[PDB]
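Positions 34 to 221 (the working numbering) are the ones given, in order, by the sequence shown.
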Amino acid sequence: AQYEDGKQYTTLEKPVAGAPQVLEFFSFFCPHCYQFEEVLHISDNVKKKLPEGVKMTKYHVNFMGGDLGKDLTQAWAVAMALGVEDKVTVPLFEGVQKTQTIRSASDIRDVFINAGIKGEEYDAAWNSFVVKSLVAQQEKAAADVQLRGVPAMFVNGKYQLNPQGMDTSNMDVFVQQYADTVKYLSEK
Numbered sequence: 034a035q036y037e038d039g040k041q042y043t044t045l046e047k048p049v050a051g052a053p054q055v056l057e058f059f060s061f062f063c064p065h066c067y068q069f070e071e072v073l074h075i076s077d078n079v080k081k082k083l084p085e086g087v088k089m090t091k092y093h094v095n096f097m098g099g100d101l102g103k104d105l106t107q108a109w110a111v112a113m114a115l116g117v118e119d120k121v122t123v124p125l126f127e128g129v130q131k132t133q134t135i136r137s138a139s140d141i142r143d144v145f146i147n148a149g150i151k152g153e154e155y156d157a158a159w160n161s162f163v164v165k166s167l168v169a170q171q172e173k174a175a176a177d178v179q180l181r182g183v184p185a186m187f188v189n190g191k192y193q194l195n196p197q198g199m200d201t202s203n204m205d206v207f208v209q210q211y212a213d214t215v216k217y218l219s220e221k
């Protein structure tokens, strides 16, 4: 057929109950993740095609970048708690990978301050149990899909996007196929 298990996607041996409908994993340390988000704009293209009543969820992972990597997962939790994901995603990617001016937790915080988040508000979030649970939630999700690498996307806790089995030549057909596959899986 057009969409085939083992080609554009694979199926989890162990489906995850209660998973977000569309779940992306990434790291701000991840070069392919920078490409995915900042050049290919995969998340944005996926979202432009999703069925009504389907939300996209994005989680950060700890396993790249050591101590800073975990700081970034905690900062992403702050972004989720404050609802400022779309104001900090670009300057965090650029801070870690382009300018490389993000080398400490303080440097991450500066990105939020610069983007208009009050210090008091960032600090209260950073130290909150709500954020600690959001960090735990991201970690748990990684375990549930038995995550091995990033970037990664899973649909309805059952299917895993397989960019390996798509075409890689024009960025754009690749991006269109990826987005089209997510839409297909979401209705499956």
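The beta carbon of each residue, even a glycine, is placed where N, CA and C say it ideally should be.
Exposure of residue i, with buried meaning 16 or more beta-carbon neighbours within 10 Å
i: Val72; result: exposed
i: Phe69; result: buried
i: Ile146; result: exposed
i: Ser139; result: exposed
i: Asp104; result: buried
i: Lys151; result: exposed
i: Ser166; result: exposed
i: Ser76; result: buried
Integer Cβ distance of residue i from residue j, believed to fall under 8 angstroms
i: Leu194; j: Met186; result: 4 angstroms
i: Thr44; j: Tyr192; result: 6 angstroms
i: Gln54; j: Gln210; result: The Cβ separation is near 20 angstroms, so there is no contact.
Rounded straight-line distance, which links the Cα of residue j to that of residue i
i: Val121; j: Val49; result: 29 angstroms
i: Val144; j: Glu118; result: 12 angstroms
i: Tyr36; j: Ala176; result: 27 angstroms
i: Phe61; j: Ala52; result: 23 angstroms
i: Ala158; j: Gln179; result: 28 angstroms
i: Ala108; j: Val94; result: 11 angstroms
i: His74; j: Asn160; result: 31 angstroms
i: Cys63; j: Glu172; result: 17 angstroms
i: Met199; j: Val168; result: 32 angstroms
i: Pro196; j: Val208; result: 9 angstroms
Neighbourhood of residue i by C-beta, 7 angstroms cutoff - its chain only, sequence neighbours within 5 removed
i: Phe126; result: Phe61, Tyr67, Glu70 and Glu71
i: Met113; result: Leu167
Cβ shell of residue i (< 8 angstroms), same chain only, five flanking positions each side left out
i: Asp213; result: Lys82
i: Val123; result: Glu71
i: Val215; result: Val55, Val79, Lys82, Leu83, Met186, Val188 and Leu194
Residues bridged to residue i (per DSSP)
i: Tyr42; result: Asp38 and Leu194
Distance cut-off 7 angstroms: residue i Cβ against heavy atoms of the ligand SAH
i: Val164; result: Questions concerning the ligand SAH fall outside what the structure shown contains, since it holds no ligand whatsoever.
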